[PDB]
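Okay, here we've got a single chain as structure tokens, the form deposited in one PDB entry, with questions on binding and movement later.
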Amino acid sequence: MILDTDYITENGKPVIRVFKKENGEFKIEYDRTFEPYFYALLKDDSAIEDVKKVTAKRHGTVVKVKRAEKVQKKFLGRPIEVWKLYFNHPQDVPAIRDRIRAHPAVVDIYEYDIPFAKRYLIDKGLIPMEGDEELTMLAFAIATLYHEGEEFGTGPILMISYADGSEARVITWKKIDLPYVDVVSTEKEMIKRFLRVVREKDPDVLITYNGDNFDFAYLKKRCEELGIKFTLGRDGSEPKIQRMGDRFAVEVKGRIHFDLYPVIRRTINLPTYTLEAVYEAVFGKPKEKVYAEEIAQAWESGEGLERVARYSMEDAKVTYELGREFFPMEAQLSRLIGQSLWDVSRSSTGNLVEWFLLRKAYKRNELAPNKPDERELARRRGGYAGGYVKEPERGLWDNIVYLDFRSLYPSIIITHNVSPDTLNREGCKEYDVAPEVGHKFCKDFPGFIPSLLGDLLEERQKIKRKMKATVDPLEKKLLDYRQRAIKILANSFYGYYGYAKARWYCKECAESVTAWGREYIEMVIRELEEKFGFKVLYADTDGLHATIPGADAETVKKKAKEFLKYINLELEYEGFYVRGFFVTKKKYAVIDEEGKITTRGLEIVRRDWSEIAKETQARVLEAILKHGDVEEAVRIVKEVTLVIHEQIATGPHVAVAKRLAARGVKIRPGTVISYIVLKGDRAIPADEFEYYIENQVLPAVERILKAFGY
């Protein structure tokens, strides 16, 4: 099973390494035969010999074209002849890149920004995670000592906990009598012990929960200080930092760093994404939280470390569980997309599609379109994110059912051959035309995307069947993940078409799918109401919320079931809510059987919500959704009518910075500040102690109860 790839330089030349785990033993395959390249479309075939004379300089040395050959490919279905330019080193590309394009005899260049190691996987048709090989995993966490105004990584690490399917221990340098705690001499020795623990277990996967932005970075600093070499890599190398625009991402050569945050962030949707919230909102068990403060005072007092050690133990244990849960899915996805799970698990749906397409484009000799440049990206004025919207039915409704119709869109792309290479193609014998928008989509030939899209659904349907007709409990679970993976990819093409950075961007395609979509949604709504007497309260691009007024759960459910069998592209019943209410087009809140409330656009977006404004809301919305008591929630506001734990030149802001600075606290990035407001005198640090109504508790519950008539 292939886990990943990368390249190493040796005598100036690139050497690909393929990290695999076969029959229980880890291995590295090397390849010195792969040559990097990119394409050049000459505006004149005669100017080739000269274009190969262009050079650039890298590491003081001069780089030039190693070799150029003419090839025949198709750009958007139509024949094109381009020059495949070879080089000696992957790094040559970004150097000479722009200068070759700028050459007077060159129209444009393509496939010049595809990472060598990814390019290798594609051009070689290698698929990561191809089988059923058992992979070992180890989750790890750390507890550190922190004090306000402390530059990052300044304080030491108090404990390093780790866990796997067999145990969950804690490594610390202070005496603690727990059977799982392990006391050592110093911090340095504790870190050394960890690297030693990791080295003996030698896990294929290291699971963390935000290790991409905290854990690894911290250990790095401490290691830089205590003078240690953090050699977690299976090749003795240290963790490597990769910055991905927004945040950073850390890799550990030879192993898979599975950071559960980017994943759970997507896969699940909550109000708070803290480890406690996540574990609870998944396993339904509670997790006790021990804050930095207590940690410090407990360490600097030798009083109560049994608790912190428990929390550290739990962090690692709880991380291993979540990782064992979300890993099988991510592995199937990565296999479908054909890229490393390290990459896949960190990618957006728009990018999962793009990688799938790139691989397929290669298989079909389809030259790929470039990402949008600065200019072109400006033209797209943001892409297209329009969709079908309604106008909710006011009031608090019961036993709501949720119809998901994201499965519609892919059928529509296949059905009308919606693709950028079929749109308004001249000289076709047959065309389908988008209602209201009028984009024409040729049908004489199957388009690139529609064509792939069809294949996926075929594949998925094949699996679902092989899955129901199987005695192998393992295979069943396995196939279930793959079918669920295909669904994810399939349902991302619609959005991808309007995603502004997309190479195969197609606002028209997107607009047309939206048009045809409206039609269909219109028809099923009608059928729902008339033939089934259902009440549709809310509908948007993803699905609708509806109930049979005055009926019960058992029936509204029963009834909704048959409607699907009747009306069925498949429509999935994805949700039942004991209560709910919709304020407008995108604003609303629902509660389910287990009680897990949910909301959307119910208040203004800000990061300075006071503890009261927050606690008041949850109480208002809990009386309504959990008790259908409006007067209740309203009498809760009246009487309720204290800190602001803002995360990181406003009235309070400036005032707070002075007060902190006044005692040496520097406001550092990515930290939380806690103040109280009381109109450089507006606010005051929490520790040392009207607006709070008309700019706090009111705005938090203003929309909610406006919808109920107040």
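The first residue of the shown sequence is 1; numbering continues from there. We call the rigid core the largest set of C-alpha positions that still match within 1.5 Å between the two forms.
From this point on, the text means the form deposited in another entry, which you will not see here.
Novice: Select from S340, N213, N399, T144 the only position whose Cα moves 2 Å or more between the shown form and the other one when the core is aligned.
Specialist: Single hit from the list, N399.
Novice: Would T547 count as moving between the shown form and the other one, using a Cα shift of 2 angstroms or more after superposing the core as the test?
Specialist: After core superposition, the displacement of the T547 C-alpha between the shown form and the other one reaches the 2 Å mark, so yes.
Novice: Indicate whether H89 shows a C-alpha shift of 2 Å or more between the shown form and the other one, with the rigid core used for the fit.
Specialist: No.
Novice: Does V697 count as moved between the shown form and the other one, where moved means a C-alpha shift of 2 angstroms or more after fitting the rigid core?
Specialist: Superposed on the core, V697 moves its C-alpha 2 Å or more between the shown form and the other one.
Novice: Tell me whether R364 and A485 end up closer or farther apart in the other form, going by their C-alpha atoms; the shift is 3 Å or more.
Specialist: More distant in the other form, by 3 Å or more.
Novice: Versus the form shown, are the CA atoms of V263 and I463 closer or farther apart in the other form, given a shift of 3 angstroms or more?
Specialist: The answer is closer, because the C-alphas of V263 and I463 approach each other in the other form by 3 Å or more.
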